[PDB]
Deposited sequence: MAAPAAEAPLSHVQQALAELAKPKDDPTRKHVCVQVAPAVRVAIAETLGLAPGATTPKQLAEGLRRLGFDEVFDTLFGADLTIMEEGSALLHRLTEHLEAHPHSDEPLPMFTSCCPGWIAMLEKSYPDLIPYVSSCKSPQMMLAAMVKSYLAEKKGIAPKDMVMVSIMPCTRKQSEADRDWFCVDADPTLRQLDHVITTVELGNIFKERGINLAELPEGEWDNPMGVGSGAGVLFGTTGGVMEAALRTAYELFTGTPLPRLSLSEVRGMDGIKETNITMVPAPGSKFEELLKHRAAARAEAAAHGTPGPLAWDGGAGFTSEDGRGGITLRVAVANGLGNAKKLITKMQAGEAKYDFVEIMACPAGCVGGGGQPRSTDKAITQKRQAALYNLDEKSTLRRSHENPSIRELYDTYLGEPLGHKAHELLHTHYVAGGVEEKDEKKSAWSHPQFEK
């Protein structure tokens, strides 16, 4: 039985059935914008809450926004970056690579195992949310993890292999998956139509909060610009005490699918970061000790060099020049898909050459695009850490939200 068939089997069970399980679903933003195309409509032609209603009509007991998991990734990865930056100032290496794309993680383990220490140990947004629901939420609702089923709807054909990583399980039992089944945008679209469900004709439903209390998806109003940018912002604003605006990446000449930006950071006055810049300034990626600037009275500062690679072919050319020292970066994100997740392998096929641009544009409302969201300000995220996880990068956070990598692959 395919994973789609297994999830549908769990849903086919009446809710009052003695063997019925608590079936949960989480949905990626890339899915929500592209799902309307399965009806022959434009991207974004169906609202988020219409999809929520549709999923609830399939029989899901919980409907979650993957963005909640993304806030956890931003928290952990932002802290991780700040940590590595900190220990490199006072003399887990640099540059740091992000790790949300399983296509990158796969290529990392098979072709570049010597780069493993440089990669963030953060789990993906979907896996963090999954680990959370079968731990915190299970305990809150008095449900055994074995009686909870976690489904994700993804734009990606690789998110199942990510989920199937052996140790992504509960209490060292690899049969108790943190995330059981992954369904693609087109597969979900096919399920709706085969049941006569038209999303565009549905009323607005509502999301569930992974914290098990309150209303909404447990995510505040506004946008972050994605995990990488928000992780950067997290580190930046703690380091400088000043807000980081939305990033504008510029294309690197001579390199396809590579974008970059330079971010200058002056430590906040009186901070530990100001002490470290002052009191001390004298592998496969040996890293030049950083890009720093200073001046007359000692306005000491460091320049964070960031790169983004789409996709895997273009990424190899970047790594080559990095090892050659021709490309110098501190923070690198590698996505397997040329257009990123909005153009993932699980997305509808279109004749429109600009379909990925339409998807991106329709991702959020002009209202939401104008408002900056910060993960550490999310009351649900604050509560989860204060009352359950402890500190980011800590013991509990490492066990539930972090992972490891295997040289040679799995």
Mind pulling out the bits of the deposited sequence that never got modelled, as residue ranges from 1?
1-9, 101-105, 297-307, 436-452
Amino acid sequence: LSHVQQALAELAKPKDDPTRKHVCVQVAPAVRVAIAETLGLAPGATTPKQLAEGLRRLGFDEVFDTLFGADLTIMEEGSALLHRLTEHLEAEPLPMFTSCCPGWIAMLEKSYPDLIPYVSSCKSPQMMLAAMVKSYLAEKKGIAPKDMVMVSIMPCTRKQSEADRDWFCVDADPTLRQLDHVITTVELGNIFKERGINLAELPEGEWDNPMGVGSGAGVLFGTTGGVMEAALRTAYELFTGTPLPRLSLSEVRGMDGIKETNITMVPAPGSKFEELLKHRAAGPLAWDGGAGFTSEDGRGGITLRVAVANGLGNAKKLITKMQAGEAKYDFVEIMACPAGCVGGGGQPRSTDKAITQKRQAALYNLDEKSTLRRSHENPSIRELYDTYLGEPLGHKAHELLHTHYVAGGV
From here on, numbers count along this sequence of modelled residues.
Average Cα temperature factor in the PDB entry - higher stretch of 261-269, 147-155:
261-269
Between 283-291 and 242-250 (mean CA B-factor, as deposited), the higher:
283-291
From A235, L188, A309, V213, the top C-alpha temperature factor is at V213
Could you check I334, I183, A163, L115 and tell me which one carries the biggest Cα B-factor in the deposited entry?
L115
Would you please rank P338 by its C-alpha temperature factor against the other modelled residues of its chain and give the third it falls in: lowest, middle or highest?
highest
Check where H376 lands among this chain's C-alpha B-factors and tell me if it's the lowest, middle or highest third.
lowest
Among the modelled residues of this chain, does the Cα B factor of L401 put it in the lowest, middle or highest third?
lowest
Based on the entry's values, in what third of the chain does the Cα temperature factor of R57 lie: lowest, middle or highest?
middle
Tertile call for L393 (CA temperature factor, within chain, third-based) is the highest
